[PDB]
């Protein structure tokens, strides 16, 4: 319905597409998943025009973020719990980069267990003039 709601639904479509990309689950088995995930997430961020395509593990530790300083630190916003249960969500929260609408999708392993999170966001300040 609203433009913000539609941007959220697009963000979740991107997050579920990223989460289902074979490279992403495979990279979780690497000694340092960031080596393959950071360049992949940056290409999707460029294609989609999202503020970020964040990829994190079950502890909320980032493997990919547009700011490399954020890699290896905890995701911010307090909206991971439902995703770690295997549910996709559209969430408005304050991330490290500020208030955003995010589509957040679980990453499943080859057995269907949740191993991580994809978060695709657009800052609220970019949806309408403050």
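Numbering follows the first chain given and starts at 1.
Averaged over Cα atoms, the B-factor as recorded in the entry is higher for 69-77 than for the other of 46-54 and 69-77.
For the two regions 98-106 and 78-86, the entry's Cα B-factors average higher over 78-86.
Among the modelled residues of the chain, residue 23 sits in the middle third by CA temperature factor in this PDB entry. In the deposited entry, the Cα temperature factor of residue 12 places it in the middle third of its chain's modelled residues.
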